[PDB]
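Following: one structure in structure tokens, then a few remarks.
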Amino acid sequence: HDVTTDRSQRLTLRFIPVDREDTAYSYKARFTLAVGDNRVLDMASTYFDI
Amino acid sequence: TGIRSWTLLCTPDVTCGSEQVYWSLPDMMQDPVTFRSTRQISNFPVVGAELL
């Protein structure tokens with residue numbers, strides 16, 4: 001009953017950077033993370049992608 | 001329509017002049033009066049205008 005949701009919010013998503021570096025010695029990222037309101041994010045299950 | 005309308009004559013300067021640079025030590029000042037934060041080398045939060 002109370003430890004379960006009935007709302008249209010996801011579980012796994014894909015985040016993308018805008019205006020990021022692409023140089024031979026340094027390759028930088030700009031993941032502008034904005035997690036949804038009244039919604040938590042566990043970071044130990046969060047990793048990147050090559 | 002010739003020359004004066006779109007272009008002008010000026011006393012020459014060596015460099016571009018005094019173009020506004022956006023130096024900061026942002027970690028310390030959260031945002032002075034009107035600034036949003038994103039910390040890497042793409043868009044550092046400004047703390048005013050300085051002379052290069």
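FYI, nothing fancy with the structure tokens labels: chains A, B, ... in order, residues from 1 per chain, ligands from 1 as they appear.
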
### Message
I want to know what sits within 12 Å of residue 38 in chain B, based on only C-alpha atoms, with residues of the same chain fewer than 3 positions away left out; could you give that as number ranges by chain?
### Response
A: 29-33; B: 26-27, 30-31, 35, 41-46

Restrict the selected residues to C-alpha atoms and save them as a CSV table (one decimal), in the first residue's frame.
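Result written to part_12.csv:
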```csv
chain,number,residue,atom,x,y,z
A,29,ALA,CA,31.8,16.4,-20.2
A,30,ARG,CA,28.8,18.7,-19.4
A,31,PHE,CA,26.1,16.4,-18.0
A,32,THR,CA,23.6,19.0,-16.7
A,33,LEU,CA,21.7,16.8,-14.3
B,26,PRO,CA,33.6,31.3,-7.9
B,27,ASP,CA,33.8,28.6,-5.1
B,30,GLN,CA,28.1,31.7,-4.3
B,31,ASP,CA,26.8,34.1,-6.9
B,35,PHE,CA,24.7,34.2,-11.6
B,41,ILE,CA,35.7,25.1,-18.5
B,42,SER,CA,32.7,25.9,-20.7
B,43,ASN,CA,30.7,28.4,-18.7
B,44,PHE,CA,32.3,29.7,-15.4
B,45,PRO,CA,30.1,31.8,-13.3
B,46,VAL,CA,31.1,35.5,-13.7
```

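Of the residues under consideration (B:29, B:40, B:22, B:15), B:40 shows the shortest atom-to-atom contact distance to residue 19 in chain A when counting only C-alpha atoms.
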
### Message
DSSP on the backbone: which residues in chain B end up as strand (DSSP E)? Give the answer as a ChimeraX atom specification.
### Response
/B:20-21,50-51

Written selection (N, CA and C atoms) as a PDB file, in the first residue's frame:
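Produced file out-v3.pdb, reproduced below:
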```pdb
ATOM      1  N   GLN B  20      35.880  42.883 -22.573  1.00  0.00           N
ATOM      2  CA  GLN B  20      35.504  42.480 -21.215  1.00  0.00           C
ATOM      3  C   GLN B  20      35.783  41.007 -20.921  1.00  0.00           C
ATOM      4  N   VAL B  21      36.649  40.780 -19.934  1.00  0.00           N
ATOM      5  CA  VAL B  21      37.036  39.430 -19.502  1.00  0.00           C
ATOM      6  C   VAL B  21      36.292  39.017 -18.229  1.00  0.00           C
ATOM      7  N   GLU B  50      36.530  42.819 -15.988  1.00  0.00           N
ATOM      8  CA  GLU B  50      37.922  43.175 -15.711  1.00  0.00           C
ATOM      9  C   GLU B  50      38.630  43.596 -17.008  1.00  0.00           C
ATOM     10  N   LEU B  51      39.823  44.178 -16.873  1.00  0.00           N
ATOM     11  CA  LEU B  51      40.643  44.567 -18.021  1.00  0.00           C
ATOM     12  C   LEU B  51      41.820  43.611 -18.231  1.00  0.00           C
TER      13      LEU B  51
END
```
